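Student: Would you be able to build a 3D model of this:
(11 chains, ligands or ions: 9)
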Amino acid sequence: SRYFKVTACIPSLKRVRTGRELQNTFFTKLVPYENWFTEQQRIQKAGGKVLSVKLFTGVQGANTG
Amino acid sequence: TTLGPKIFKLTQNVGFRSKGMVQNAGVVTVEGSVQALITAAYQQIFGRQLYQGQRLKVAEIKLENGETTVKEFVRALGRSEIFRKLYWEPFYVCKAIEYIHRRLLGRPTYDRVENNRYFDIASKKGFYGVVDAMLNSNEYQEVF
Amino acid sequence: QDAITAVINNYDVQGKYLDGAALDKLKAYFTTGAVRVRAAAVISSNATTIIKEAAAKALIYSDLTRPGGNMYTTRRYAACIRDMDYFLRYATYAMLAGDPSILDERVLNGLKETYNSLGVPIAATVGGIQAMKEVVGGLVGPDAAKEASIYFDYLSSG
Amino acid sequence: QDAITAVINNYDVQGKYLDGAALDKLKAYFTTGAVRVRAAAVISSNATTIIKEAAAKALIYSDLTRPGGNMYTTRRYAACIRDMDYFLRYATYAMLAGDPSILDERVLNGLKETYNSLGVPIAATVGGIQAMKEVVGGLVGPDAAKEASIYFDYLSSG
Amino acid sequence: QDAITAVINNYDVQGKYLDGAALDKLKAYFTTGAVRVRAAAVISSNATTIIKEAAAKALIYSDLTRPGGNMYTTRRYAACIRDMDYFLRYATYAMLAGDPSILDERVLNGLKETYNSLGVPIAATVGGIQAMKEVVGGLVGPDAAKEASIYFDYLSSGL
Amino acid sequence: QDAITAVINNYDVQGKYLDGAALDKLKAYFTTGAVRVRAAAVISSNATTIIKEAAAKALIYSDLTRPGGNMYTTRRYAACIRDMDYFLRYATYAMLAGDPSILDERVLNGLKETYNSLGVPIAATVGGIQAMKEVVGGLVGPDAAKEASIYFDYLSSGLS
Amino acid sequence: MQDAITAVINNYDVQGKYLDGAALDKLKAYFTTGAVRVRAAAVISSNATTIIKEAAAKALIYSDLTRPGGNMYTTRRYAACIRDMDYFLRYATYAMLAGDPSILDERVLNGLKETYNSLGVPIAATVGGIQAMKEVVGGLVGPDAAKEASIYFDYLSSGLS
Amino acid sequence: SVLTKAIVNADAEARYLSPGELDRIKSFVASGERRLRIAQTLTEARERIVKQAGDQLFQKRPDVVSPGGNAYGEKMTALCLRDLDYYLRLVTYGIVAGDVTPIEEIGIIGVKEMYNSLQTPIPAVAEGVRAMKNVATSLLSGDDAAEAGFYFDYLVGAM
Amino acid sequence: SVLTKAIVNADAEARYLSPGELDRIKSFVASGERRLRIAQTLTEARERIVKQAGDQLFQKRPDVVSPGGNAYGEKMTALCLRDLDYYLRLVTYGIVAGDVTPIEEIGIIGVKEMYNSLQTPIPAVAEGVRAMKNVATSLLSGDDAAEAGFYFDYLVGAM
Amino acid sequence: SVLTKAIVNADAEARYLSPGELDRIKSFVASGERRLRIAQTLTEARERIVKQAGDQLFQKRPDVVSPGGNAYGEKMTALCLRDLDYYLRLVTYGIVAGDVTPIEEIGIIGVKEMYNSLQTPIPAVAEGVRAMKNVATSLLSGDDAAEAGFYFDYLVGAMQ
Amino acid sequence: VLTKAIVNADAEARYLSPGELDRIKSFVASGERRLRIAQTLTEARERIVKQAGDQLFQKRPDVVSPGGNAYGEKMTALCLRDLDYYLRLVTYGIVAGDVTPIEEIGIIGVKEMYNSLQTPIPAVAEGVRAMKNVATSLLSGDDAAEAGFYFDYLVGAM
Ligand SMILES: *[C@H](C)[C@H]1/C(=C/c2[nH]c(/C=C3N=C(/C=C4\NC(=O)C(CC)=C4C)C(C)=C\3CCC(=O)O)c(CCC(=O)O)c2C)NC(=O)[C@@H]1C
Ligand SMILES: *[C@H](C)[C@H]1/C(=C/c2[nH]c(/C=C3N=C(/C=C4\NC(=O)C(CC)=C4C)C(C)=C\3CCC(=O)O)c(CCC(=O)O)c2C)NC(=O)[C@@H]1C
Ligand SMILES: *[C@H](C)[C@H]1/C(=C/c2[nH]c(/C=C3N=C(/C=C4\NC(=O)C(CC)=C4C)C(C)=C\3CCC(=O)O)c(CCC(=O)O)c2C)NC(=O)[C@@H]1C
Ligand SMILES: *[C@H](C)[C@H]1/C(=C/c2[nH]c(/C=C3N=C(/C=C4\NC(=O)C(CC)=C4C)C(C)=C\3CCC(=O)O)c(CCC(=O)O)c2C)NC(=O)[C@@H]1C
Ligand SMILES: *[C@H](C)[C@H]1/C(=C/c2[nH]c(/C=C3N=C(/C=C4\NC(=O)C(CC)=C4C)C(C)=C\3CCC(=O)O)c(CCC(=O)O)c2C)NC(=O)[C@@H]1C
Ligand SMILES: *[C@H](C)[C@H]1/C(=C/c2[nH]c(/C=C3N=C(/C=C4\NC(=O)C(CC)=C4C)C(C)=C\3CCC(=O)O)c(CCC(=O)O)c2C)NC(=O)[C@@H]1C
Ligand SMILES: *[C@H](C)[C@H]1/C(=C/c2[nH]c(/C=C3N=C(/C=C4\NC(=O)C(CC)=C4C)C(C)=C\3CCC(=O)O)c(CCC(=O)O)c2C)NC(=O)[C@@H]1C
Ligand SMILES: *[C@H](C)[C@H]1/C(=C/c2[nH]c(/C=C3N=C(/C=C4\NC(=O)C(CC)=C4C)C(C)=C\3CCC(=O)O)c(CCC(=O)O)c2C)NC(=O)[C@@H]1C
Ligand SMILES: *[C@H](C)[C@H]1/C(=C/c2[nH]c(/C=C3N=C(/C=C4\NC(=O)C(CC)=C4C)C(C)=C\3CCC(=O)O)c(CCC(=O)O)c2C)NC(=O)[C@@H]1C
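Tutor: Numbering: from 1, shown residues only, chains lettered A, B, ... in the order given. Ligands and ions are numbered 1, 2, ... in the order given. Here you go:
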């Protein structure tokens, strides 16, 4: 299946946290093609900015597969 | 609190934190924090540890190298065949949904509105649909 | 965020108390508000048709829909119309808000990059947005249309 | 994906119905198919041994296993044999499929970069893959070996 | 990791059993240990004040705190002092450990990138770390200060 | 389970190797199999229509659909047709399998209790199942119909 | 869960009483026993696999259960039974360290009878296995530790039966 | 294809292909040559199948080719026939693949959404496919027809 | 069985059986009668297959039947042979089922754990199964042998 | 307690206690006898500690014991002293447990909410605890005092 | 021990507790004694391994038998080398005061490594037990108890 590699930065505007949040704040992740749409929305809602999106696996606009 | 159960968070990824010194450490360390979390995943999703064939190493690998995050590891376990075999296939569809709910979201369902939402989804898209809906729920995202 | 909050935020960075000039901008928004609410209701009711008409204007009867085109296959076609809906809903939100920021925060953020990786054509998408604008303009009526147009244009430029 | 689907996909982008020339390619695959199935069953049954033999040929009794070597410590040793298993399983999948793409999609993508960060030695890994190929060749028999070899070589080149 | 584990790891790659020379290095660490523990206790007790003093020296009464500055608004102010506390706590951990590695693994990794996205000013942060070092040096006393300073400097160089 | 597995399981608890008598039961299933596959394909293609026709026969033009009836309101109507689809899909599965067990394990278990809490009328539901059976019988043809009927009857008996 | 120290505290807290000498004596008793318990726990952990093996050999295996038509017949069921045995052992070890039976009630004992009855697992055989584990454990831990270990094993057995 | 499906299940389980799965592959490769011929037959008769099915559909559903109806008008009628042709091409692909997956990706996912935007009635489209099946069946030999029928039925089920 | 596997996949997808899935069922029902005969042959030869395989295994692995080894002693050797018999019975069940699922539930899940508690070496067990395969193959006709081989291979792979 | 914490971590991991965890248990059991003495000392001096702390608090905060203030009046003053006594009892429990958990469950969770309903000022309560600490420290030997201080500090930290 | 304390503190996001600090102090004092215990075993290492090897073989003839993995000079040497490795790890553990050093080098992936080798894991465990008994005899009672814990852990791990 097609996979997305996504790098995004998310700020905690509602509350300050004592524990390290660096993993939460800045993450590079692999997302299934389908899941990415929902994930993109989640980052947007959080108010985080998506620095980079790349298609890790699969071929641009393959008709089937 | 101490009134609660223990909560596991993955604080750091070892994979991307390539040692700046003594690359071939041998003793390394902080491997356990990940390896403990992996054990605790299985304890929450399945309740028990799996048998020797049954575990899914590939998902574990990615989590260890920091390719995926904890969210995605949990996704892989819910999607897994063994999870379907243990909980989806043997039960009445509503009994299934109720049990799956408690494993993935950590509570019983509140109301007929939730139950119906998942029952509907189950009829259009089956076991896969139900599990995705729970993990894609905003409730999931807020708490976990 | 919103026109009201935008004014507030601009003043807050200056540290200035709210002043008459600022108040006038807020007052301007308040008059426009009633029109915007009416427009939003119109758009929501006619949303499915708006998308249909816009697709007919630009997307269908085109190379995109023909085999080897981006919108060829049912899956791709469905994706494109879903995206069109998104743009419409967010534009409606922006019109009520009176601020382009929400478009930047949700719609403009990450979509360009996604599209470039996918190889979706930006110009065709822009064409679709412009088509939606034209259809929307008719339904909302002239006073509302001017307001609606700016948000559609903002999306297109992004 | 697979040989059959590859042909289909190329025709679908053209929009062409399947034609005799296309059919001939499909027919070619169908004849090879029976051999491939037999080979796959052989590999699955002997997988543990194949890995053992290949390790014996290249990996063990070496500096790698000695302290300061990449495969030193139980954890690293176990990782290396796990990787070997992966290569074997995916090569078997590729052989059945008749297509190299699955290797690219799962094994090959990002592996070089991962290995470089880890400091795993690529040449030694390639050596291990080639060793597995030789062992596999014996078990599968000559007709099957040619087909099996190309996928192993594909992994090595990647 | 730790000084003790560092010695062990060096021997393990060689495959050598522990030897007197190695033992001497371990012994060296053990003598320093007592001093380090005393320093750590001092820092923990005075942590709030250390941060206050350092902020007074660099962060406050500045454009940053004034509107339009990075540390303007309560939320941002609180974030900045939280970051300062992190640096202090980790430096204390490093001092006990006798190794800079923990700083690299937790604090230093990805901080620059995070800060750049946030728009936090790195040079000001570095200034704050240096200020904390100076305050810490006083409280811990001279012998402890040398050990404490290296970890603070390590953080500063990373950032 | 399925017929083949049911035979196997009975032998496994005994620990007995498969014997001719067991083989005969398996052989019986194998002959029926081809018919069943054809029937299943027919049902899948005509599933939407089957439900429509069955509803027409029993559920609609009735007090249920009229205001104050259980299937009144769009939400309730949609629920009832969803349930009908479930029954059809599972019956098709059972017919291929040659075993009623799947119906017990998924559909039948807890259904009565669910319906009682909901206040759904069991007798009307049973009526709908019987109607589906009749429609299905026509499409599948006589040989297939006998096999199809038993699973439909099994569902009906369970609900009652 | 609760431990001996906390149990004393809780009893006093409901009374509202400050800790008194009688209470102190109970706490002191625990503290002396503690060192022995820690040693016993380490012994059990190291020999856990063997303990289970020996106990199974004594009761479970070479029996109708393992033979076809028996509860522990088939690999899957066999594996399940030894997993359950391990649970009992681990929890008993936890209880022994704690000095309180409560953890057994909270985790193992609650709903076990009902679960087993639905499953059709035979309770008496399970109890037999627990008793067998106790005997094996007693040997390894040594006499002083054995008395302490035995009570928790017996607690599990009584719960199930 | 059947093969792709089998591989995917194995990969999910992270295991080598099961004997049963392998057996199905063996059966498929034997069947393939016959399948190729069935596909070839339909391709040659494609133009006529579409034409015949179209006017069966229009007779069955007068409304679709009526001023209200979606199909009405030359442009629209052509598009309706184009769609029928598309589905036939997909069916041929399916027969050679031995599985509906190729068909499914191109034609069955998002189909409802696409047609709803177009406003085309989905049941009428299904009737057209049924019509095509009947024409195709007549040209095919009985056993060939049964194979082709399965794929045709899937399409009808999907919409 | 084949049919159970197909149904289960469909239920997960919440769809009717795919044409491809249906085709595999059709093939299986045709194959069944031949499969029954293959199973019958092995059942009749069961006693000899086990005996011959046992001897081969013991020759291949002297250690297992040695004072250290698990198999050593009459009681133990009997149990080892009983295990071989069990696996043969499972293989026959598999052939009639057309899938390894029946085999898998009874024999392959938790097998590692069971044998590890027993301390029986898993590779030796695998060798015994391989030995049984060779004996069984000789009695079976070539095509029959190939079918039987797949199930035997699965067992060897599983352990 | 230390022991409870260790067991809980093990059960989450579903493993036997780690050697490191076992070592901590060993250390705790050795420490316990010393801990018991520290607790005993404070219990005996309890009455005086409360009295002295109360006086200090009232000097520090005249307002609380003033006609406006919550503490004012004999009934109210008694209740304020009772509260101080409660917190001291909790501290003793903490020392024997070796963890703040016993203290935390009884006294620190919902404390804000309880006092807000009562309208008692939380900072004043904190001052009283600080006062008690100072009195307690004087009676305790230095090393004993440090141990006791940690528990006292936690309370002060919890309540603000 | 120090690493463990720091890690717990970091999870809690707090400075090191007094009790935790005290344990660190105790550990540093104990270290010199620990070094001596380790030194003793290092000197006796060659004999401990040899005796334990031989002791184990008496129990289990099968392991060193023509079928068995250990059989033959090359193989027997490798088995003894493995025992030596584990002893070295144990010494490292004693000085560290924690099993972590032991655990990373020897106990993670051990099952997988030995399964590929086909070495029986229980026999390896027996060898470690044997080494413990030899080591205990040379050590004084209190020293032996300390050493025993590390030995027991290894046995538990595999
Ligand atoms: C203070 C000297 C300067 C300053 C700080 C500041 N930081 C943030 C926000 C964040 N900073 C961090 C940093 C860390 N999180 C970690 O886990 C670690 C490693 C242990 C560090 C050092 C992160 C991740 C954030 C984002 C979210 C969060 O709250 O943690 C801010 C807020 C800026 C914003 O708009 O989000 C500020 C102000 N900036 C200054 O003005 C000082 C020079
Ligand atoms: C339609 C006007 C054009 C078109 C669209 C198209 N998009 C995708 C895939 C994705 N689109 C997004 C991004 C967004 N769409 C939104 O509405 C929003 C929120 C405002 C976002 C962020 C994403 C994330 C995807 C991929 C993930 C997913 O689809 O779940 C496709 C599919 C491409 C493909 O299948 O390869 C298409 C076709 N393309 C056209 O032809 C029009 C010009
Ligand atoms: C063995 C032939 C050689 C070798 C192997 C080795 N690999 C690692 C670590 C990793 N290797 C991979 C690779 C994969 N992960 C996948 O999912 C796939 C495709 C399915 C592959 C091929 C990854 C991601 C890792 C990361 C760490 C992990 O355990 O997951 C190591 C360990 C490196 C370390 O120091 O941690 C080793 C030793 N190296 C050799 O010496 C052989 C020549
Ligand atoms: C007056 C009612 C009380 C009082 C106030 C006081 N404040 C300071 C110093 C600062 N106060 C702030 C506060 C803010 N910064 C923000 O961004 C916001 C939100 C918009 C607020 C409210 C800050 C950051 C400072 C630091 C100085 C600076 O801005 O650079 C002081 C000075 C203390 C000192 O000398 O250190 C005082 C006195 N103090 C009282 O006692 C009054 C009850
Ligand atoms: C008229 C605008 C369109 C139209 C209508 C149409 N409806 C039916 C049959 C039914 N429609 C309903 C609908 C409802 N029942 C409810 O409870 C509610 C909400 C309160 C609604 C909207 C129902 C239940 C039926 C079934 C009959 C029954 O209830 O007993 C038909 C006839 C179809 C049939 O076969 O019976 C028709 C024609 N048809 C169009 O195309 C018009 C645009
Ligand atoms: C149709 C012939 C009859 C009918 C049906 C009807 N059902 C419901 C509601 C539900 N139906 C179910 C049933 C199932 N759950 C399962 O797990 C299975 C087996 C796979 C089935 C069959 C469920 C769970 C619901 C409840 C959903 C909810 O919470 O709303 C209704 C709606 C009841 C309501 O009040 O919404 C109806 C109408 N009713 C009739 O009168 C027909 C005879
Ligand atoms: C004919 C059976 C029915 C019918 C058809 C009809 N279709 C359109 C327009 C389009 N149909 C498609 C279909 C596809 N695109 C794909 O990618 C695939 C899968 C390979 C299919 C099947 C598309 C994209 C269009 C848009 C126009 C274009 O071709 O670019 C129409 C006209 C549109 C309209 O109605 O407004 C019609 C009439 N309509 C019926 O009622 C028949 C029963
Ligand atoms: C023979 C090839 C190898 C061997 C076998 C061996 N097995 C046992 C004991 C048992 N074997 C089983 C296994 C099964 N029970 C099941 O339910 C199934 C699937 C149907 C299997 C395969 C069981 C349960 C036992 C336990 C005792 C009992 O039968 O009740 C032994 C002896 C007991 C012991 O190991 O102490 C042996 C020797 N051993 C080898 O080394 C051979 C290579
Ligand atoms: C002796 C107790 C048992 C035994 C041992 C045995 N081992 C091998 C081969 C290897 N064993 C190891 C072990 C390690 N490497 C490490 O890094 C560590 C951790 C520090 C260990 C313990 C390795 C890697 C090998 C491979 C050889 C090499 O290192 O180059 C053999 C030979 C098997 C072979 O195929 O070569 C043997 C015999 N075998 C028994 O039967 C005893 C019970």
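
Student: Mind naming the longest helix for chain H?
Tutor: The helix spanning the most residues in chain H, taking DSSP state H as the definition, is helix H:19-44.

Student: Likewise for chain C?
Tutor: Under DSSP H, chain C gives helix C:20-45 as its longest helix.

Student: Can you confirm whether that helix lies near chain E?
Tutor: No - counting by C-beta under 8 Å from any C-beta of the partner chain, chain E is not contacted by helix C:20-45; separation bottoms out at 15.4 Å. All C-beta spots, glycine's among them, are computed from the backbone N, C-alpha and C.

Student: Distance-wise, check the residue lying closest to residue A:12 once chain neighbours are set aside relative to residue I:25.
Tutor: Among residues not flanking residue A:12 along the chain, residue A:21 sits closest, at 6.1 Å (C-beta to C-beta, 6 or more residues apart in numbering or on different chains). Residue A:21 is 54 Å from residue I:25, where distance means C-beta to C-beta, to the nearest Å.

Student: Which residue of the two possesses the greater neighbour count?
Tutor: Per other C-beta atoms under 10 Å in any protein chain shown, whichever of residue A:21 and residue I:25 has more neighbours is residue I:25, with 24 against 16.

Student: Surely residue A:55 is within a strand?
Tutor: Yes - assessed with DSSP: H, G, I helix; E, B strand; the rest coil, residue A:55 lies in a strand.

Student: which residues does the nearest residue to it once chain neighbours are set aside contact?
Tutor: Among residues not flanking residue A:55 along the chain, residue C:117 sits closest, at 4.6 Å (C-beta to C-beta, 6+ apart). Each residue near residue C:117 by C-beta atoms under 8 Å, 6 or more residues apart in numbering or on different chains is listed here: A:4, A:53, A:54, A:55, A:60.

Student: I'd like the residues you listed as a markdown table, with distance to residue I:14 and neighbour count appended.
Tutor: Output for the contacts of residue C:117, formatted as a markdown table (distance: C-beta to C-beta, whole Å; neighbours: other C-beta atoms under 10 Å in any protein chain shown):
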| residue | distance to residue I:14 | neighbour count |
| --- | --- | --- |
| A:4 | 26 | 24 |
| A:53 | 31 | 22 |
| A:54 | 33 | 13 |
| A:55 | 29 | 18 |
| A:60 | 31 | 11 |
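
Student: which residue ranges form the helices in chain C?
Tutor: Along chain C, counting by DSSP H, helices occupy C:3-14, C:20-45, C:47-54, C:74-97, C:101-102, C:111-118, C:122-140, C:142-157.

Student: So which residues of chain H form helices?
Tutor: Along chain H, the segments classed as helices by DSSP H run H:2-13, H:19-44, H:46-60, H:74-97, H:101-103, H:111-118, H:122-139, H:142-158.

Student: One more: chain A?
Tutor: So, for chain A - with DSSP H - the helices run A:22-25, A:33-46.

Student: Relative to ligand 1, which residue of chain C is the closest?
Tutor: Nearest to ligand 1, among the residues of chain C, is residue C:13, at 12.9 Å (C-beta to the nearest ligand atom).

Student: Distance of that residue relative to chain B?
Tutor: Computed as C-beta to the nearest C-beta, to the nearest Å, the residue C:13 to chain B distance reads 31 Å.

Student: And for residue C:26?
Tutor: Residue C:26 is 33 Å from chain B, by C-beta to the nearest C-beta.

Student: Let me see the contact set for that residue.
Tutor: Contact analysis of residue C:26 by C-beta under 8 Å, 6+ apart lists C:3, C:4, C:7.

Student: mind redoing it with 10 Å?
Tutor: C:3, C:4, C:7, C:8, C:18 (C-beta atoms under 10 Å, 6 or more residues apart in numbering or on different chains).

Student: just residue B:65 next, same as before
Tutor: Contacts of residue B:65 by C-beta under 10 Å, 6+ apart are B:13, B:14, B:15, B:16, B:34, D:114, D:117, D:118.

Student: What subset of those is buried?
Tutor: Neighbour-count burial (16 or more other C-beta atoms under 10 Å in any protein chain shown) is assigned, among those, to B:13, B:14, B:15, B:34.

Student: need the contact list for the first one.
Tutor: In other words, residue B:13. Per C-beta under 10 Å, 6+ apart, neighbours of residue B:13: A:22-23, A:27-28, B:30, B:34, B:63-69, E:105, E:109-110.

Student: and it, that's in a strand?
Tutor: No - assigned with three-state DSSP, residue B:13 falls outside any strand and is coil.

Student: Can you show me the helices along chain B?
Tutor: Counting by DSSP H, the helices of chain B are B:31-45, B:57-65, B:70-79, B:81-83, B:93-104, B:112-136, B:138-143.

Student: Around the residue in chain A that ligand 2 sits nearest to, count how many other residues there are.
Tutor: Nearest residue of chain A to ligand 2, counting by C-beta to the nearest ligand atom: residue A:37, 3.4 Å away. Applying other C-beta under 10 Å, we find 17 residues neighbouring residue A:37.

Student: Quick check, it in contact with residue C:114.
Tutor: Yes - counting by C-beta atoms under 10 Å, residue A:37 does reach residue C:114; the two are 8.8 Å apart.

Student: distance of the spatially most central residue of chain C from chain H?
Tutor: The residue lying closest to the centre of chain C (C-alpha atoms, centre = their mean) is residue C:91, at 2.8 Å. Distance, residue C:91 to chain H, by C-beta to the nearest C-beta: 19 Å.

Student: For that residue, list the residues it contacts.
Tutor: Residue C:91 touches C:40, C:43, C:102-103, C:107, C:129, C:132-133, C:136, C:148-155, counting by C-beta under 10 Å, 6+ apart.

Student: Which residues are in contact with the residue sitting nearest the centre point of chain H?
Tutor: Nearest to the geometric centre of chain H sits residue H:91, at 3.4 Å (C-alpha atoms, centre = their mean). Contact analysis of residue H:91 by C-beta under 10 Å, 6+ apart lists H:39, H:42, H:100, H:103, H:107, H:129, H:132-133, H:136, H:148, H:150-152, H:154-155.

Student: Among those residues, which one lies nearest to ligand 4?
Tutor: For those, the nearest to ligand 4 is residue H:107 (59.8 Å; C-beta to the nearest ligand atom).

Student: Next, count neighbours for residue B:31.
Tutor: 16.

Student: just checking, it touches residue B:64?
Tutor: Yes - between residue B:31 and residue B:64 there is a contact at 8.1 Å, judged by C-beta under 10 Å.

Student: how far away is residue A:59 from chain J?
Tutor: Relative to chain J, residue A:59 is positioned 43 Å away (C-beta to the nearest C-beta).

Student: what sits against residue B:39?
Tutor: Residue B:39 touches B:8, B:32, B:49, J:12, J:13, J:14, J:15, counting by C-beta under 10 Å, 6+ apart.

Student: farthest-separated two in these?
Tutor: B:32 and B:49 (16.2 Å; C-beta to C-beta).

Student: tell me the contacts of whichever residue of chain H sits closest to chain K?
Tutor: Going by C-beta to the nearest C-beta, chain K is nearest to residue H:14 of chain H, at 14.7 Å. By C-beta under 10 Å, 6+ apart, the contact set of residue H:14 is B:53, B:55, B:56, B:57, B:58, B:59, B:80, B:81, D:85, D:86, D:89.
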